[PDB]
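Using the deposited numbering, the letters of the sequence shown correspond one by one to residues 1 to 35.
Just so you know, even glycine gets a beta-carbon here, dropped at the ideal spot from N, CA and C.
Notes to accompany the following structure.
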Amino acid sequence: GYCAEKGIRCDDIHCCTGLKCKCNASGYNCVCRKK
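Following this line, the structure appears as structure tokens:
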């Protein structure tokens with residue numbers, strides 16, 4: 001399963017089970033986090 005690991009570009013791909021796509025409102029800093 002090719003998914004966005006801890007802190008990976010999730011713009012088009014989703015974060016792996018356990019991480020969340022944390023992105024700013026401006027449209028940047030879109031990275032996965034263990035939230």
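In DSSP terms, what residue i is bridged to
i, result
"residue 33", "20"
"residue 15", "4"
Distance between residue j and residue i (C-alpha atoms, nearest Å)
i, j, result
"residue 8", "residue 2", "11 Å"
"residue 4", "residue 35", "14 Å"
"residue 19", "residue 26", "21 Å"
"residue 6", "residue 14", "11 Å"
"residue 30", "residue 16", "14 Å"
Which listed residue (the options) has its alpha carbon closest to that of residue i
i, options, result
"residue 10", "22, 35, 17", "22"
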